[PDB]
Amino acid sequence: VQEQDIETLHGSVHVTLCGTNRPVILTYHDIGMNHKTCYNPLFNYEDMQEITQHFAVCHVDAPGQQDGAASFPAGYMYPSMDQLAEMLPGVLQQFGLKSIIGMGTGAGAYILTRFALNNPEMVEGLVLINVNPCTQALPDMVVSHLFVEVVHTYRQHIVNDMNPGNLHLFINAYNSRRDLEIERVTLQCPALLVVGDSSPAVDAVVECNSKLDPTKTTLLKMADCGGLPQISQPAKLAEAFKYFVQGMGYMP
Amino acid sequence: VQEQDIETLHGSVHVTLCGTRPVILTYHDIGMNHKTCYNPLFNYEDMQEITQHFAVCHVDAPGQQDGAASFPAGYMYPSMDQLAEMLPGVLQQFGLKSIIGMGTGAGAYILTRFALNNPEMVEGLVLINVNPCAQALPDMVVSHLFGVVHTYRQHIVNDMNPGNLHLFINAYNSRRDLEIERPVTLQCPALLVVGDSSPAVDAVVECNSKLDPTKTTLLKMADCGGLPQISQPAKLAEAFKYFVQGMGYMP
Ligand SMILES: [Cl-]
């Protein structure tokens, strides 16, 4: 495994390359998490080792969200959702990549989608989780946005290992985002839309599917999830990823 | 004057820093470069005062600068959107914070897309013959901005690369609609300039209908049938004077 900081258009982004003619899997997490909180559980599951063995994986920590990140200056003009997507091309450029298979959650899904829409030749397909195309302690907000031994473990990592000021900026940015202007101008690659039943973001994920092409977009509403697919049922999701990548011309 | 190549997100862009608080960033139209498109304005006499007080940065789109090597065959030329993602890197190279943009046809579209993505880096935009929607080389160019000219026709042939120009033009025509509606719209003052009896009067007005009028002003030049900077640069040099004043700078 190797980690690095990539100087991009709008500051640095921490990345974690970890894996083996095949696109690279680029992940972008949600607000309130980093790549360890959001994907390390998923990508260490057994039904994913095969992907990990056949594919290269690149985990992107949004600006200031990596473990033990220094606070940005006061008044920092934090990159908007659009500005966060313009940073992705530089990632590929740093490793001589040509295309990636993106996987995003909450804010990551929005960013990756905006990045596919700007540079569609660099994206083979997107896995979008809980995407939304539109006086509380921070650990309370985070838990209340995406929702047990899990809840406390996430509140516990948010506090000790992450920076409160940086997280505020990132969250304040995602909420001032604009609508993806998409019409069934739309995605030019296959999409995998994943949400759980009785989950906070079902209507939002369904609204995004209504504006996408059904020929190459598939919806998957897991029954016993109601929150984050990689938390509730990562196993069922690890196979969902298998079937999506296969259809494009790649081997799990 | 000093010129440089700026390595950006999507390859290099040639720039020409030349001047002396915001910086004036210029972007040309299809069929031109900064010499064909802005040198008339910025060497005009009624503009010297601006030239004296401001720093100017002229951007030549990839492959449009004088004597540019041909891109490889099959080159995926940056789209209009990808051409806007390149501008932040320009400011980043010279420690800039905001600029006053001036664009023409394709330049106006690019800068507008750049202001919409990074509105804190633009104090105001001068958009000329902007369109927010979608044969020998010199003839193609002339029919886009007119409906003596020979000075432009000869420069297309002798001084610039024909293949690069094709790619640039092929991109401008595959552009999409700007996500703008008068109340998601521009968050800075805009100066929309088009001539009377000009190919892009209806299009330039369509852009103003989607902009905020409190800070947007439209300008229909009376006897301008092509490029405002060619026909009546004086009328435009005074329009530019007043635009910068209203923002808090003393041209
Ligand atoms: Cl007006």
# chains A, B, ... in the order shown; residues from 1 in each chain; ligands from 1
>>> interface_residues(of="chain B", to="chain A", cutoff="12 Å", atoms="only C-alpha atoms", output="VMD selection string")
chain B and resid 7 to 11 76 to 93 97 113 to 121 174 to 180 184 to 185
>>> residues_near_ligand(ligand="ligand 1", cutoff="12 Å", atoms="only C-alpha atoms and all ligand atoms", output="JSON, numbers by chain")
{"B": [182, 189, 190, 191, 192, 193, 205, 207, 208, 209, 210, 211, 212, 213, 214, 215, 216, 217, 218, 219, 220]}
>>> write_last_selection(atoms="C-alpha atoms", output="compact mmCIF listing (two decimals), in the first residue's frame")
# COMPACT_ATOMS: atom_id res chain seq x y z
CA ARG B 182 -32.16 34.85 -14.27
CA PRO B 189 -20.91 42.07 -13.01
CA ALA B 190 -21.09 41.26 -16.71
CA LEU B 191 -20.68 43.42 -19.82
CA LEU B 192 -22.38 41.82 -22.83
CA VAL B 193 -21.27 43.45 -26.09
CA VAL B 205 -29.51 38.91 -25.95
CA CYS B 207 -27.61 35.33 -22.62
CA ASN B 208 -28.71 38.63 -21.05
CA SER B 209 -32.25 37.32 -20.54
CA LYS B 210 -30.77 34.67 -18.20
CA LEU B 211 -28.49 37.08 -16.30
CA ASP B 212 -29.17 39.32 -13.32
CA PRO B 213 -29.84 42.88 -14.58
CA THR B 214 -28.79 44.60 -11.34
CA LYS B 215 -25.15 43.94 -12.28
CA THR B 216 -25.56 43.05 -15.99
CA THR B 217 -25.59 45.70 -18.73
CA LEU B 218 -26.21 45.05 -22.43
CA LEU B 219 -24.60 47.06 -25.23
CA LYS B 220 -25.80 47.07 -28.85
>>> residues_around(residues="residue 20 in chain B", least_positions_apart="2", cutoff="12 Å", atoms="only C-alpha atoms", output="VMD selection string")
chain B and resid 1 to 2 17 to 18 22 to 24 48 to 57
>>> residues_around(residues="residue 250 in chain A", least_positions_apart="3", cutoff="10 Å", atoms="only C-alpha atoms", output="NGL selection string")
:A and (21-23 or 54-55 or 242-247)
>>> closest_residue(among="B:251, B:107, B:246, B:233", to="residue 34 in chain B", atoms="only C-alpha atoms")
B:107
>>> residues_around(residues="residue 221 in chain A", least_positions_apart="6", cutoff="7 Å", atoms="only C-alpha atoms", output="JSON, numbers by chain")
{"A": [194, 195, 196, 197]}
>>> closest_atom_pairs(of="range 3-42 of chain A", to="range 103-107 of chain A", cutoff="9 Å", atoms="only C-alpha atoms", output="JSON lines")
{"residue": "A:25", "atom": "CA", "partner": "A:103", "partner_atom": "CA", "distance": 7.2}
{"residue": "A:26", "atom": "CA", "partner": "A:103", "partner_atom": "CA", "distance": 6.2}
{"residue": "A:27", "atom": "CA", "partner": "A:103", "partner_atom": "CA", "distance": 4.7}
{"residue": "A:28", "atom": "CA", "partner": "A:104", "partner_atom": "CA", "distance": 4.7}
{"residue": "A:29", "atom": "CA", "partner": "A:105", "partner_atom": "CA", "distance": 5.3}
{"residue": "A:30", "atom": "CA", "partner": "A:106", "partner_atom": "CA", "distance": 4.8}
{"residue": "A:31", "atom": "CA", "partner": "A:107", "partner_atom": "CA", "distance": 6.2}
{"residue": "A:38", "atom": "CA", "partner": "A:105", "partner_atom": "CA", "distance": 8.3}
>>> write_last_selection(atoms="N, CA, C and O atoms", output="PDB file, in the first residue's frame")
ATOM      1  N   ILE A  25     -10.120   1.895 -10.029  1.00  0.00           N
ATOM      2  CA  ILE A  25     -11.338   2.173  -9.273  1.00  0.00           C
ATOM      3  C   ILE A  25     -11.072   3.365  -8.359  1.00  0.00           C
ATOM      4  O   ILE A  25     -10.309   3.265  -7.394  1.00  0.00           O
ATOM      5  N   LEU A  26     -11.706   4.492  -8.667  1.00  0.00           N
ATOM      6  CA  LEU A  26     -11.589   5.717  -7.887  1.00  0.00           C
ATOM      7  C   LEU A  26     -12.787   5.841  -6.955  1.00  0.00           C
ATOM      8  O   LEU A  26     -13.935   5.795  -7.406  1.00  0.00           O
ATOM      9  N   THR A  27     -12.519   5.992  -5.661  1.00  0.00           N
ATOM     10  CA  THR A  27     -13.565   6.125  -4.657  1.00  0.00           C
ATOM     11  C   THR A  27     -13.563   7.530  -4.069  1.00  0.00           C
ATOM     12  O   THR A  27     -12.503   8.135  -3.878  1.00  0.00           O
ATOM     13  N   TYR A  28     -14.760   8.043  -3.791  1.00  0.00           N
ATOM     14  CA  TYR A  28     -14.952   9.329  -3.133  1.00  0.00           C
ATOM     15  C   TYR A  28     -16.010   9.135  -2.056  1.00  0.00           C
ATOM     16  O   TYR A  28     -17.098   8.624  -2.338  1.00  0.00           O
ATOM     17  N   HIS A  29     -15.694   9.542  -0.830  1.00  0.00           N
ATOM     18  CA  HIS A  29     -16.541   9.247   0.312  1.00  0.00           C
ATOM     19  C   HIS A  29     -17.631  10.305   0.477  1.00  0.00           C
ATOM     20  O   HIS A  29     -17.779  11.223  -0.334  1.00  0.00           O
ATOM     21  N   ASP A  30     -18.408  10.167   1.545  1.00  0.00           N
ATOM     22  CA  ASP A  30     -19.494  11.079   1.873  1.00  0.00           C
ATOM     23  C   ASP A  30     -19.025  12.097   2.909  1.00  0.00           C
ATOM     24  O   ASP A  30     -17.905  12.031   3.418  1.00  0.00           O
ATOM     25  N   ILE A  31     -19.902  13.056   3.209  1.00  0.00           N
ATOM     26  CA  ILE A  31     -19.629  13.992   4.292  1.00  0.00           C
ATOM     27  C   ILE A  31     -19.622  13.237   5.615  1.00  0.00           C
ATOM     28  O   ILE A  31     -20.421  12.315   5.831  1.00  0.00           O
ATOM     29  N   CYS A  38     -15.408   4.773   5.117  1.00  0.00           N
ATOM     30  CA  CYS A  38     -16.431   4.559   4.103  1.00  0.00           C
ATOM     31  C   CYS A  38     -16.196   3.332   3.237  1.00  0.00           C
ATOM     32  O   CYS A  38     -17.169   2.753   2.741  1.00  0.00           O
TER      33      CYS A  38
END
>>> atom_distance(atom1="CA of residue 74 in chain A", atom2="CA of residue 5 in chain A")
21.8 Å
>>> atom_distance(atom1="CA of residue 142 in chain B", atom2="CA of residue 234 in chain B")
22.8 Å
>>> atom_distance(atom1="CA of residue 94 in chain B", atom2="CA of residue 127 in chain B")
23.3 Å
>>> residues_around(residues="range 60-65 of chain B", least_positions_apart="6", cutoff="10 Å", atoms="only C-alpha atoms", output="PyMOL selection string")
chain B and resi 5+10-16+26-35+71+77-78+83+86+106-107+156+159-165+167-168
>>> select_by_dssp(residues="range 43-223 of chain A", states="alpha helix (DSSP H)", output="MDAnalysis selection string")
chainID A and resid 43 46:54 81:85 87:94 107:118 138:146 149:161 164:175 202:210
>>> write_last_selection(atoms="C-alpha atoms", output="CSV table (one decimal), in the first residue's frame")
chain,number,residue,atom,x,y,z
A,43,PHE,CA,-12.9,-3.5,0.3
A,46,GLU,CA,-14.1,-11.6,1.2
A,47,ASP,CA,-16.3,-11.3,-1.9
A,48,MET,CA,-14.2,-8.2,-2.9
A,49,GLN,CA,-10.7,-9.7,-2.6
A,50,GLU,CA,-11.1,-10.9,-6.2
A,51,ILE,CA,-11.8,-7.4,-7.4
A,52,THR,CA,-8.9,-6.1,-5.2
A,53,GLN,CA,-6.7,-8.7,-6.8
A,54,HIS,CA,-7.7,-8.0,-10.4
A,81,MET,CA,-18.8,20.5,-5.2
A,82,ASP,CA,-17.9,21.7,-8.7
A,83,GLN,CA,-14.4,22.8,-7.6
A,84,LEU,CA,-14.0,19.4,-5.9
A,85,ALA,CA,-14.6,17.7,-9.3
A,87,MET,CA,-9.5,18.2,-8.9
A,88,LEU,CA,-10.1,14.6,-10.1
A,89,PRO,CA,-8.5,15.0,-13.6
A,90,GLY,CA,-5.2,15.9,-11.9
A,91,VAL,CA,-5.4,12.6,-10.0
A,92,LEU,CA,-5.4,10.5,-13.2
A,93,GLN,CA,-2.7,12.8,-14.6
A,94,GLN,CA,-0.4,12.1,-11.6
A,107,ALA,CA,-21.2,13.9,-1.7
A,108,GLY,CA,-18.7,11.6,-3.5
A,109,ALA,CA,-21.5,10.3,-5.9
A,110,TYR,CA,-22.4,14.0,-6.7
A,111,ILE,CA,-18.7,14.9,-7.3
A,112,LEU,CA,-17.9,11.9,-9.4
A,113,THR,CA,-21.1,12.4,-11.5
A,114,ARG,CA,-20.1,16.0,-12.0
A,115,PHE,CA,-16.6,14.8,-13.0
A,116,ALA,CA,-17.9,12.2,-15.4
A,117,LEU,CA,-20.1,14.9,-16.9
A,118,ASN,CA,-17.1,17.2,-17.4
A,138,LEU,CA,-20.8,17.3,14.5
A,139,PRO,CA,-21.0,13.5,15.3
A,140,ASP,CA,-24.8,14.1,15.8
A,141,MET,CA,-25.2,15.7,12.4
A,142,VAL,CA,-23.1,13.0,10.6
A,143,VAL,CA,-25.1,10.1,12.2
A,144,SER,CA,-28.4,12.0,11.5
A,145,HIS,CA,-27.4,12.4,7.8
A,146,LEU,CA,-26.8,8.8,6.8
A,149,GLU,CA,-21.8,-0.9,17.7
A,150,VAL,CA,-21.6,1.0,14.4
A,151,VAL,CA,-23.0,4.3,15.4
A,152,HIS,CA,-20.6,4.7,18.4
A,153,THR,CA,-17.6,3.6,16.3
A,154,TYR,CA,-18.4,6.3,13.7
A,155,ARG,CA,-19.0,9.0,16.4
A,156,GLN,CA,-15.8,7.8,17.9
A,157,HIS,CA,-13.7,8.1,14.8
A,158,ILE,CA,-15.3,11.5,13.8
A,159,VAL,CA,-14.1,13.0,17.1
A,160,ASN,CA,-10.6,11.6,17.8
A,161,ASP,CA,-9.2,11.1,14.3
A,164,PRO,CA,-13.8,19.5,13.3
A,165,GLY,CA,-13.2,22.7,11.4
A,166,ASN,CA,-12.3,21.0,8.1
A,167,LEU,CA,-15.4,18.8,8.4
A,168,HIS,CA,-17.6,21.8,8.9
A,169,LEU,CA,-16.3,23.4,5.7
A,170,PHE,CA,-16.8,20.2,3.7
A,171,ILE,CA,-20.4,19.8,5.0
A,172,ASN,CA,-21.2,23.5,4.5
A,173,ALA,CA,-20.0,23.1,0.9
A,174,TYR,CA,-22.1,20.1,0.0
A,175,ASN,CA,-25.3,21.8,1.2
A,202,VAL,CA,-34.5,6.9,-1.3
A,203,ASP,CA,-36.5,9.7,-3.0
A,204,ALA,CA,-33.2,11.5,-3.9
A,205,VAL,CA,-31.7,8.4,-5.4
A,206,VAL,CA,-34.9,7.6,-7.3
A,207,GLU,CA,-35.0,11.2,-8.7
A,208,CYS,CA,-31.5,10.8,-10.1
A,209,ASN,CA,-32.5,7.5,-11.8
A,210,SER,CA,-35.5,9.2,-13.5
>>> select_by_dssp(residues="range 5-202 of chain A", states="strand (DSSP E or B)", output="JSON, numbers by chain")
{"A": [5, 6, 7, 8, 11, 12, 13, 14, 15, 16, 17, 24, 25, 26, 27, 28, 56, 57, 58, 59, 60, 61, 100, 101, 102, 103, 104, 105, 123, 124, 125, 126, 127, 128, 129, 191, 192, 193, 194, 195, 196]}
